[PDB]
Amino acid sequence: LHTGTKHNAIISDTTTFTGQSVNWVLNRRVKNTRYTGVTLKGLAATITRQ
Amino acid sequence: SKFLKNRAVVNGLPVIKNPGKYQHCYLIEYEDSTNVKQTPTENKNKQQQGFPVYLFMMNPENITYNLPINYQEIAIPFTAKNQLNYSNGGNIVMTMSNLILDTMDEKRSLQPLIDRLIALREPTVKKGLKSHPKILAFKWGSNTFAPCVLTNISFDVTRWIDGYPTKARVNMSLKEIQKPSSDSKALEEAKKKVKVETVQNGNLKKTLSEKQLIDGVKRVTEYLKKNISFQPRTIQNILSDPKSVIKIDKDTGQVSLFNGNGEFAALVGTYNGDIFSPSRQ
Amino acid sequence: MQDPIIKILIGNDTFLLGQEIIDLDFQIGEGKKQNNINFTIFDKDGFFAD
Amino acid sequence: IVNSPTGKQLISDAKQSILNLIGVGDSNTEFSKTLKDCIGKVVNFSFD
Amino acid sequence: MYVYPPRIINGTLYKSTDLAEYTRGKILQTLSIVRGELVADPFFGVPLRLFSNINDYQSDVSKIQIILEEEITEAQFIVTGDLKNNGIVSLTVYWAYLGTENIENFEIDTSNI
Amino acid sequence: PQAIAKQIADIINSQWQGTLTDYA
Amino acid sequence: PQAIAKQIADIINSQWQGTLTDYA
Amino acid sequence: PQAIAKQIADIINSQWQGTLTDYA
């Protein structure tokens with residue numbers, strides 16, 4: 001997933017693109033929540049479905 | 001040969017008349033290049049007198065001009081050619097080598113000439129602030145080279161009298177520089193503004209002066225007292241207050257009425273340098 | 001011997017090997033390391049940069 | 001310079017012919033503007 | 001715009017809207033002002049040398065050519081020098097105004113003063 | 001010298017930005 | 001090699017001093 | 001260029017291992 005770009009305008013025409021894995025999507029926003037009575041697979045499933 | 005030359009390009013060249021005198025080249029101050037001999041004898045205390053900085057005793061046998069033009073290469077993998085991008089044009093380097101200085105028979109010292117040429121490295125103190133050395137022009141007959149600066153100089157002395165050089169070879173190199181703008185920095189901005197080629201922001205191309213502000217206040221008061229009866233009630237009732245003033249912006253020229261409280265009340269019009277333009281009906 | 005092919009699809013355009021691609025990076029991470037890409041292209045007049 | 005609640009903007013002014021000639025090929029305009037005008041593809045039409 | 005030579009025509013200064021004659025007036029002014037004759041700009045003007053032998057008479061022509069090229073950027077200048085009989089040095093300035101594609105006449109020149 | 005000091009600084013910056021995107 | 005390693009280290013040190021005194 | 005950018009990581013990394021070992 002594209003996340004950043006760089007470009008040198010003066011003479012040298014160079015544009016640098018940067019992309020990251022989808023885990024970057026899971027690390028974007030800080031959350032406050034609570035989980036009770038859920039297995040690791042269930043918690044991961046809910047988080048991925050989000 | 002003269003049988004293989006292209007006469008089409010030859011005949012397109014200017015024809016030069018032979019001078020009636022043998023000519024010697026010289027180095028002169030720039031801006032002093034178009035000055036004639038203002039005096040019979042050079043006066044060192046005054047400037048722009050049209051006298052050469054250094055007079056050649058013998059002319060060069062040959063002069064070399066070099067010009068590199070700088071492109072930048074970008075090597076994209078798996079392409080037949082590089083990508084050439086123009087960077088800059090570069091400066092012309094002039095070189096004259098094996099210049100002759102000979103006064104052995106005259107028994108005259110060359111040291112003053114060597115000192116004169118060497119003194120071109122020293123910073124020329126201007127007002128009291130050390131500045132860059134003299135900017136030169138190499139003049140030969142009716143031809144000039146450019147605004148140039150002495151970059152390298154070397155002497156090879158082979159004969160002396162009492163330790164004073166009398167026969168020397170001189171190699172020197174000049175470099176063409178950007179032509180200094182004779183136009184003043186403020187004049188350049190003013191003529192940029194006159195042609196309206198600069199950015200505009202609603203300001204006048206000339207900030208009003210204090211005398212201009214006084215005169216604009218005079219004109220506004222004249223117009224207001226002449227046209228008081230046609231002003232809206234909300235303007236004449238604030239003009240009836242003796243505690244109301246007229247203020248003109250220095251950069252935009254907008255005229256404003258300030259009530260007794262001292263706050264902005266209404267916009268009356270605009271004032272440039274010469275005329276007062278009242279607001280639309 | 002290496003006979004590489006590199007094709008990058010971004011937005012709605014493609015960069016091929018030998019066209020504008022200058023350099024390309026990679027990352028295939030497992031734990032502390034994620035997956036990321038950093039690739040440089042020749043952008044005449046910065047058009048793609050725009 | 002034009003003033004806006006967003007901010008200052010440099011604006012080009014000329015006769016419209018020169019404006020069309022300069023912007024020929026849409027080279028001067030930024031891609032964001034082009035994408036903005038095509039955002040509303042589905043156009044409401046009326047039926048009789 | 002007011003052309004260089006101040007002439008009160010019809011009660012006012014001669015104001016022309018053609019840049020060709022204005023440029024010609026600029027050329028005439030450049031060669032009407034000698035160096036030092038102007039106060040504020042003592043450097044503007046043609047360098048004048050009269051009583052000297054005719055050996056380096058092309059240097060003055062070249063200097064005048066550079067001066068004309070420098071100030072008047074809207075025209076192209078070529079200056080030629082010739083030696084006449086007694087003491088006359090004939091300078092001929094060929095100028096063309098880059099804006100027009102043809103030689104433009106002026107109706108004030110044929111006017112009988 | 002200063003040219004290379006700057007180059008080295010920029011190298012380090014891009015290696016740090018690299019590390020920012022290298023780690024999850 | 002070690003000469004330049006040291007030079008680079010010193011460059012980095014002075015670059016950091018720049019930053020220390022660059023920020024309010 | 002990239003060769004030297006890398007050489008610079010190697011240097012900075014080892015310099016910062018030196019500091020780790022240089023300290024109590």
# chains A, B, ... in the order shown; residues from 1 in each chain; ligands from 1

$ select_by_dssp --residues "range 13-123 of chain B" --states "strand (DSSP E or B)" --output "MDAnalysis selection string"
chainID B and resid 26:29 54:55 64:66 70:74 83:88 93:102

$ residues_around --residues "residue 10 in chain G" --least-positions-apart "2" --cutoff "12 Å" --atoms "only C-alpha atoms" --output "number ranges by chain"
F: 1-2, 5, 8-9; G: 3-8, 12-17; H: 11-12, 15

$ atom_distance --atom1 "CA of residue 5 in chain E" --atom2 "CA of residue 25 in chain E"
6.9 Å

$ residues_around --residues "residue 261 in chain B" --least-positions-apart "6" --cutoff "12 Å" --atoms "only C-alpha atoms" --output "list in words"
residues 238, 241, 242, 243, 244 and 245 of chain B

$ closest_atom_pairs --of "chain E" --to "chain B" --cutoff "12 Å" --atoms "only C-alpha atoms" --output "Markdown table"
| residue | atom | partner | partner_atom | distance |
| --- | --- | --- | --- | --- |
| E:34 | CA | B:35 | CA | 11.4 |
| E:35 | CA | B:35 | CA | 8.8 |
| E:36 | CA | B:38 | CA | 10.8 |
| E:41 | CA | B:183 | CA | 11.7 |
| E:42 | CA | B:48 | CA | 10.9 |
| E:43 | CA | B:35 | CA | 8.9 |
| E:44 | CA | B:34 | CA | 10.3 |
| E:45 | CA | B:34 | CA | 9.9 |
| E:46 | CA | B:34 | CA | 8.7 |
| E:47 | CA | B:36 | CA | 6.4 |
| E:48 | CA | B:36 | CA | 8.0 |
| E:49 | CA | B:36 | CA | 7.8 |
| E:50 | CA | B:36 | CA | 11.4 |
| E:52 | CA | B:37 | CA | 11.4 |
| E:53 | CA | B:20 | CA | 10.6 |
| E:54 | CA | B:20 | CA | 8.3 |
| E:55 | CA | B:20 | CA | 5.5 |
| E:56 | CA | B:19 | CA | 7.1 |
| E:57 | CA | B:19 | CA | 8.5 |
| E:58 | CA | B:142 | CA | 6.0 |
| E:59 | CA | B:142 | CA | 4.7 |
| E:60 | CA | B:142 | CA | 8.1 |
| E:61 | CA | B:142 | CA | 7.9 |
| E:62 | CA | B:142 | CA | 5.5 |
| E:63 | CA | B:34 | CA | 5.3 |
| E:64 | CA | B:34 | CA | 7.9 |
| E:65 | CA | B:34 | CA | 9.9 |
| E:66 | CA | B:34 | CA | 8.0 |
| E:67 | CA | B:34 | CA | 7.6 |
| E:68 | CA | B:34 | CA | 11.2 |
| E:70 | CA | B:182 | CA | 9.6 |
| E:71 | CA | B:182 | CA | 10.0 |
| E:78 | CA | B:14 | CA | 10.5 |
| E:79 | CA | B:14 | CA | 11.6 |
| E:80 | CA | B:16 | CA | 10.1 |
| E:81 | CA | B:17 | CA | 9.7 |
| E:82 | CA | B:17 | CA | 9.8 |
| E:83 | CA | B:17 | CA | 11.3 |

$ residues_around --residues "range 27-35 of chain D" --least-positions-apart "6" --cutoff "12 Å" --atoms "only C-alpha atoms" --output "number ranges by chain"
C: 45-50; D: 12, 19-21, 41

$ interface_residues --of "chain A" --to "chain F" --cutoff "12 Å" --atoms "only C-alpha atoms" --output "CSV table (one decimal) with N, CA and C atoms, in the first residue's frame"
chain,number,residue,atom,x,y,z
A,2,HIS,N,0.6,2.1,-0.9
A,2,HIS,CA,1.4,3.4,-1.0
A,2,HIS,C,1.2,4.2,0.2
A,3,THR,N,2.3,4.7,0.8
A,3,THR,CA,2.3,5.5,2.0
A,3,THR,C,3.1,6.8,2.0
A,4,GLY,N,4.0,6.9,1.0
A,4,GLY,CA,4.8,8.1,1.0
A,4,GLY,C,5.4,8.3,-0.4
A,6,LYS,N,8.5,11.0,-2.6
A,6,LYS,CA,9.5,12.0,-2.6
A,6,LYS,C,9.8,12.3,-4.1
A,16,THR,N,10.5,9.0,-5.9
A,16,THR,CA,10.7,7.8,-5.1
A,16,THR,C,9.4,7.5,-4.4
A,18,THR,N,7.1,4.9,-1.9
A,18,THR,CA,7.3,4.0,-0.7
A,18,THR,C,5.9,3.3,-0.4
A,19,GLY,N,6.0,2.0,-0.2
A,19,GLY,CA,4.8,1.3,0.2
A,19,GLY,C,5.1,0.3,1.3
A,20,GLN,N,4.0,0.0,2.1
A,20,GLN,CA,4.2,-0.9,3.2
A,20,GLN,C,3.1,-2.0,3.2
A,21,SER,N,3.3,-3.0,4.1
A,21,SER,CA,2.4,-4.1,4.2
A,21,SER,C,1.1,-3.7,4.8
A,22,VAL,N,0.1,-4.6,4.8
A,22,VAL,CA,-1.2,-4.3,5.3
A,22,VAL,C,-1.2,-4.2,6.8
A,23,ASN,N,-0.2,-4.7,7.5
A,23,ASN,CA,-0.1,-4.5,9.0
A,23,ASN,C,0.0,-3.0,9.3
A,24,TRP,N,0.5,-2.2,8.4
A,24,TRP,CA,0.5,-0.7,8.6
A,24,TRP,C,-0.9,-0.2,8.8
A,25,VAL,N,-1.9,-0.8,8.2
A,25,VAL,CA,-3.3,-0.4,8.4
A,25,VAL,C,-3.7,-0.7,9.9
A,26,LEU,N,-3.2,-1.8,10.4
A,26,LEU,CA,-3.6,-2.1,11.8
A,26,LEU,C,-2.9,-1.2,12.8
A,27,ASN,N,-1.9,-0.5,12.4
A,27,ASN,CA,-1.0,0.2,13.3
A,27,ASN,C,-1.3,1.7,13.2
A,28,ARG,N,-2.4,2.1,12.6
A,28,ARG,CA,-2.6,3.5,12.2
A,28,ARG,C,-3.2,4.3,13.5

$ atom_distance --atom1 "CA of residue 203 in chain B" --atom2 "CA of residue 11 in chain D"
15.8 Å

$ select_by_dssp --residues "range 34-281 of chain B" --states "helix (DSSP H, G or I)" --output "VMD selection string"
chain B and resid 111 to 118 185 to 194 210 to 226 228 to 230 233 to 239

$ atom_distance --atom1 "CA of residue 155 in chain B" --atom2 "CA of residue 56 in chain B"
14.2 Å

$ residues_around --residues "residue 87 in chain B" --least-positions-apart "2" --cutoff "8 Å" --atoms "only C-alpha atoms" --output "PyMOL selection string"
(chain A and resi 11) or (chain B and resi 70-72+85+89)

$ write_last_selection --atoms "C-alpha atoms" --output "mmCIF file, in the first residue's frame"
data_model
loop_
_atom_site.group_PDB
_atom_site.id
_atom_site.type_symbol
_atom_site.label_atom_id
_atom_site.label_comp_id
_atom_site.auth_asym_id
_atom_site.auth_seq_id
_atom_site.Cartn_x
_atom_site.Cartn_y
_atom_site.Cartn_z
ATOM 1 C CA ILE A 11 17.396 18.957 -12.992
ATOM 2 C CA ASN B 70 27.266 20.852 -18.567
ATOM 3 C CA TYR B 71 24.566 18.233 -19.128
ATOM 4 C CA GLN B 72 23.636 15.661 -16.481
ATOM 5 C CA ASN B 85 19.413 16.749 -18.896
ATOM 6 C CA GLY B 89 26.185 26.482 -19.869
#

$ residues_around --residues "range 207-209 of chain B" --least-positions-apart "2" --cutoff "10 Å" --atoms "only C-alpha atoms" --output "MDAnalysis selection string"
chainID B and resid 203:205 211:216 248:253 271:273

$ closest_residue --among "B:275, B:246, B:76, B:67" --to "chain C" --atoms "only C-alpha atoms"
B:76
